[PDB]
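Undergrad: When you get a sec, could you give me coordinates for this:
(chains A, B, C, D, E, F, G, H and I, ligands or ions: 2)
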Amino acid sequence: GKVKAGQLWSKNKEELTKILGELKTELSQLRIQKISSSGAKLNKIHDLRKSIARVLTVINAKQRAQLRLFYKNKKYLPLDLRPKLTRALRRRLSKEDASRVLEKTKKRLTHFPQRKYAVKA
Amino acid sequence: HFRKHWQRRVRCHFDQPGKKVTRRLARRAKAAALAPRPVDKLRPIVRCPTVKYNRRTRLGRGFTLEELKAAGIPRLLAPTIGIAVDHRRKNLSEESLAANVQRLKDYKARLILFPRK
Amino acid sequence: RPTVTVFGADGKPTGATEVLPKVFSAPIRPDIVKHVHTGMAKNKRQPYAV
Amino acid sequence: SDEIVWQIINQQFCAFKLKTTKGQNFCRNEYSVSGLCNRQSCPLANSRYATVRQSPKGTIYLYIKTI
Amino acid sequence: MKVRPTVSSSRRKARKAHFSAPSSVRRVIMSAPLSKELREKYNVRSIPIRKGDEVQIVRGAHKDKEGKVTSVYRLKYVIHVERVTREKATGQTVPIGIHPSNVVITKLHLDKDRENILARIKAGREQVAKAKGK
Amino acid sequence: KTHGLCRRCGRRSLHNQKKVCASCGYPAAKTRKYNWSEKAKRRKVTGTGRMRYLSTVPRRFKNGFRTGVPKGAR
RNA sequence: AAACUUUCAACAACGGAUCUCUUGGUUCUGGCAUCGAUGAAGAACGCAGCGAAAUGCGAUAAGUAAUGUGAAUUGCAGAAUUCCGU
RNA sequence: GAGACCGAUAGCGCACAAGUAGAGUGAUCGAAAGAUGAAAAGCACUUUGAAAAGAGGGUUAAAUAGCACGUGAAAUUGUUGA
RNA sequence: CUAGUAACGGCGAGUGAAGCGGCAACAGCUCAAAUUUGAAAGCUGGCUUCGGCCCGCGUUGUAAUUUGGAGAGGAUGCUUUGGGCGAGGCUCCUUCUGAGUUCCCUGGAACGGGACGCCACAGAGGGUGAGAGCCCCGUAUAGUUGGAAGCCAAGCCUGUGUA
Ligand SMILES: [Zn+2]
Ligand SMILES: [Zn+2]
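TA: Numbers count the residues shown, from 1 in each chain, chains lettered A, B, ... in the order given. Ligands and ions are numbered 1, 2, ... in the order given. Sure, structure below:
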């Protein structure tokens, strides 16, 4: 009835898509014969539905990880793979751009930085 | 003088004890960053403008360039050792000059400086 | 009275005495205390409105 | 300062004072000759005082307070 | 009294949190003292109850009645004990609710997580006694 | 009938002849809102519906808008 | 003489005051700064055996993955589903 | 996190199905409604009979606490007695 | 605070500042105006073996130098540096940390009364069958287990160009 996700992550792609087909054909055949005496078949349907979700999650996570391996050198990630954050956080200046300073300003900080001192009583 | 809507624009001050705690925490937060340094920068001794307050004397904004050079403090070093510098003010008399280059000389005696790296 | 006796940790007199300060000889004014305490007890109060 | 002590007790507050609506006031102090809050029989206001009390063994004692 | 600003002395916020608690923190509330023998051996005072715990009722109309836990009802803050039951009108016997604070645990239901709970309380109780002693 | 169903706000406030909603103003890009009706503002304001995406924003800020997975996860 | 009406008392009604309670409101203070074309706020349609004038979710539909805890859920049916254990 | 605040005709319109139910062509207008008991142990079984109802009997410390449910005022009403 | 002052006013209604002074907080800078002219030294994209190659912008001006209580250029002599790791620490979440269910009475039920104890840097609060410090969660205090992201940072590798 239920399939643990621990067995799900170990298998490869063709084993997933065969098992997903096996759960889906089973799920369809239940509801045809679940309309009469919906007892333990209804509990099986709930367990069949949850196992379908766990299988569909592993296929998507494996496909998304394969995409992120493919685009590891390219600079234009697809929109579905980019981080969400917020809207305003995505238009903020970069950490290196906002830390960038002029050459005149760096010259004054190099040669006259803030010192460390104290005043006695 | 209640011709306009003074009901909509009345401000109480029940945060008076709470703002004092924040202000004292801001001074403690500042002193955590500047741990051996004093919190406030050094300021010059200046005379109050008008005829009413000519006899009184207060702290100004920053030291004049002639005051810094007479004391022996370079201009570009003074903001980095706690001395505020005012380019707008002028000296205009030897009494304003001598009082402040005594103050900066007294600052240097009580100042301990640590090397860069 | 000039002196007040100092008592030990066991409750017995130690043998040292202290001079009573002049604040214990001050006037006792119930009208003053009541007036100050009425306004003093108001100073902790926290506002209410509808 | 026995008169000053009476002015605080009588006019302001006493922990031993019982007030009734029957016109007389009562003193709850166990060292009072008469349980009344008048000046002549206050154990507090009177620096020198006397009272009579009974022990549960049955002995009657005379209690004398000096200033 | 309370010191830390995150702590609240509100009866309203306390009563709301007790009666709207998740079952994870309902478990900690639903905890019972251990017996004198169990205190002197595990060096642990109080653990939450689970289903397999043999227990003894020491408060209420069912005092001095001993048995195993049958159910830990967290929604009504109730444990159920074997043979502590009453009859309905129909004659059907229903479990009687005892709060976990009215019982003393006689025998634990031990699994790997339970020894880890018992070790962590013993480690802290030993540490502070050593810190207070020396 | 003077008014019909409005696609935006779901009320029967869309004028049939003029094709402009009396409650939200559907052909207009902006939603109709006036400051002289505080009751009408609180009837359509944020928080009176599902809050389907905006409910998720407070938790992600608390974690610093982090991305990734916990260390040693399957 | 009955009945009818009036007053009082006991008992019984009607109604929800009074006392008590409070997962609600009101007001003040403090820490922090985060919606949307990567499709928001809002509007519907659906997902639970019996369900709403609730809540959660979106055809993976009262939810899936991952981490932590460590033995439940519970109004009734119902689960060889899980107890030294991914 | 708090309070010399209010305590269900109060306090936000809403302590609860509350911007809900309902009204209007529409803009908009917009309520009433908390409390059994420690625990449902929420009255089995017998017997009237067509019912949101009785008489027995039972649970409970209590049922003159029976999901019309803490206390149960007055207006108003019935029966009995003078 | 100035101050219901000055000022303006069917000089009626009235309206109505600011400077000085005591405080809170403090921080200063970027261009255009110049010829780099002994060398567009600058920048956006694309392809990328990630190392460095092309296109384009741009002389109708992109770098460096300068911004008027300044500055430039010579001369002279003293004084200053630059990168990369990084133990560890701070903030915040988490795990654990005191003591009666001793005897009697009322009670449906002790959480009440009486007797004898105990803890307390914890007698705030809530639950538990009635007023519970010691039945349960918590609360006080320092520690302690694990983790997240920022910041700081002891030290340790290198530096260089007539910059
Ligand atoms: Zn007296
Ligand atoms: Zn509309």
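
Undergrad: Count the neighbours of residue A:51 for me.
TA: Using other C-beta atoms under 10 Å in any protein chain shown, residue A:51 has 21 other residues around it. Backbone N, C-alpha and C define where each C-beta goes, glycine included.

Undergrad: quick one, strands of chain A?
TA: Using DSSP state E, the strands found in chain A span residues A:117-119.

Undergrad: Can you name the residue of chain E nearest chain A?
TA: Chain E approaches chain A most closely through residue E:112 (18.7 Å), counting by C-beta to the nearest C-beta.

Undergrad: make that chain C, sorry
TA: Using C-beta to the nearest C-beta, the closest approach of chain C to chain A is made by residue C:21 at 33.1 Å.

Undergrad: if I look at the residue of chain D found nearest RNA strand I, how far off is RNA strand G?
TA: Residue of chain D nearest RNA strand I, by C-beta to the nearest atom of the strand: residue D:56 (15.4 Å). Residue D:56 is 41 Å from RNA strand G, where distance means C-beta to the nearest atom of the strand, to the nearest Å.

Undergrad: Would you verify that that residue is located in a strand?
TA: No. Judged by DSSP: H, G, I helix; E, B strand; the rest coil, residue D:56 forms no part of a strand; its state is coil.

Undergrad: and it, what are its phi and psi?
TA: For residue D:56, the backbone dihedrals are phi -70, psi -10 (criterion: degrees, to the nearest 10).

Undergrad: Now do it: how many residues are near it, please.
TA: As a burial measure, residue D:56 scores 5 neighbours (other C-beta under 10 Å).

Undergrad: cool, the one 4 residues further on as well?
TA: The burial metric for residue D:60, expressed as a neighbour count using other C-beta under 10 Å, is 8.

Undergrad: How about residues contacting stretch A:74-94?
TA: Residues from elsewhere that reach stretch A:74-94, judged by C-beta atoms under 8 Å, 6 or more residues apart in numbering or on different chains: A:64, A:67-68, A:71, F:57, F:65, F:67.

Undergrad: run the last query once more with 10 Å
TA: With C-beta atoms under 10 Å, 6 or more residues apart in numbering or on different chains as the test, stretch A:74-94 has contacts from A:64, A:67-68, A:71, A:98-100, F:56-57, F:60-61, F:65-68.

Undergrad: These also near RNA strand I: which ones?
TA: F:66, F:68 (C-beta under 7 Å from any atom of the strand).

Undergrad: Quickly name whichever of the contacts of stretch A:74-94 is closest to residue B:19.
TA: Nearest to residue B:19 among these, counting by C-beta to C-beta, is residue F:61 at 26.8 Å.

Undergrad: Please list the residues of chain D that sit near ligand 1.
TA: Residues of chain D that fall close to ligand 1, judged by C-beta under 5 Å from the ion: D:9, D:14, D:37, D:42.

Undergrad: buried set for the strand or helix carrying residue D:53?
TA: With elements taken from DSSP states H and E, the one containing residue D:53 is strand D:49-54. For strand D:49-54, the buried set under the neighbour-count rule, 16 or more other C-beta atoms under 10 Å in any protein chain shown, comprises D:49, D:51.

Undergrad: Sheet partners, orientation included, of that strand?
TA: strand D:60-65 (antiparallel) (DSSP bridges).

Undergrad: hmm, back to that, how far away is the residue of chain C closest to chain A from RNA strand H?
TA: Distance from residue C:21 to RNA strand H, by C-beta to the nearest atom of the strand: 31 Å.

Undergrad: can you check residue D:20 too?
TA: Between residue D:20 and RNA strand H the distance is 28 Å, computed by C-beta to the nearest atom of the strand.

Undergrad: residue nearest the centroid of chain E?
TA: Centroid-nearest residue in chain E: residue E:31, 1.8 Å away (criterion: C-alpha atoms, centre = their mean).

Undergrad: isn't that residue right up against residue E:25?
TA: No. Residue E:31 is beyond contact range of residue E:25, at 11.1 Å (criterion: C-beta atoms under 10 Å).

Undergrad: What is the burial count for the nearest residue to residue B:47 once chain neighbours are set aside?
TA: Counting by C-beta to C-beta, 6 or more residues apart in numbering or on different chains, residue B:57 is the residue found nearest to residue B:47 once chain neighbours are left out, at 5.6 Å. Residue B:57 has 12 neighbours, counted by other C-beta under 10 Å.

Undergrad: got it, and residue D:7?
TA: Counted by other C-beta under 10 Å, the residues lying close to residue D:7 total 13.

Undergrad: which residues touch it?
TA: Counting by C-beta under 10 Å, 6+ apart, residue D:7 makes contact with C:28, C:30, D:1, D:45.

Undergrad: can you tell me how far the second one sits from residue D:12?
TA: Just to be clear, that refers to residue C:30. 5 Å (C-beta to C-beta, to the nearest Å).

Undergrad: What values do phi and psi take at the residue most central in space within chain B?
TA: Computing the C-alpha centroid of chain B and ranking residues by C-alpha atoms, centre = their mean puts residue B:43 first, at 4.3 Å. Residue B:43 adopts backbone torsions of phi -130, psi 150, taken as degrees, to the nearest 10.

Undergrad: From the opening residue of stretch E:58-67 to its closing one, how far?
TA: Using C-alpha to C-alpha, to the nearest Å, the end-to-end distance of stretch E:58-67 comes to 12 Å.
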